[PDB]
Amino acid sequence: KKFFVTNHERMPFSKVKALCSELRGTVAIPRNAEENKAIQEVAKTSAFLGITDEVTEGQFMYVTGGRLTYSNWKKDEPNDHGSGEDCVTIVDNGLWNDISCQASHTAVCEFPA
């Protein structure tokens, strides 16, 4: 029902959103453990997910709308560490960590099948 693609480049979240929109897709969002693994497999390295709590701190929402349903946070995450972390990356083992949206991570876009 979804295809996940990457050009392997690492960039800040704003650039990922721009890239995926230009391809007419959206930033990858895993709706379950299966999709999560798929994203991990495609990215191979840390990648941003289309999820942020930029609107209301602590309330993670999908960039396409709606409150986060499925999640796979790494232990003790999200932690809004340091000056603040409003973006989400799928790290090693497919676990999630909230991180600065200014950090550079692999762009993965999704397309509806």
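Numbering starts at 1 and runs along the sequence shown.
- Higher average CA B factor: 32-40, of the stretches 48-56 and 32-40.
- Between 80-88 and 67-75, it is 67-75 that carries the larger average Cα temperature factor according to the deposited entry.
- When the modelled residues of the chain are ordered by their C-alpha B factor, residue 17 lands in the lowest third.
- In the PDB entry, residue 11 places in the middle third of its chain by CA B-factor.
- For residue 108, the recorded CA B-factor ranks within the lowest third of the chain. Only modelled residues enter the ranking.
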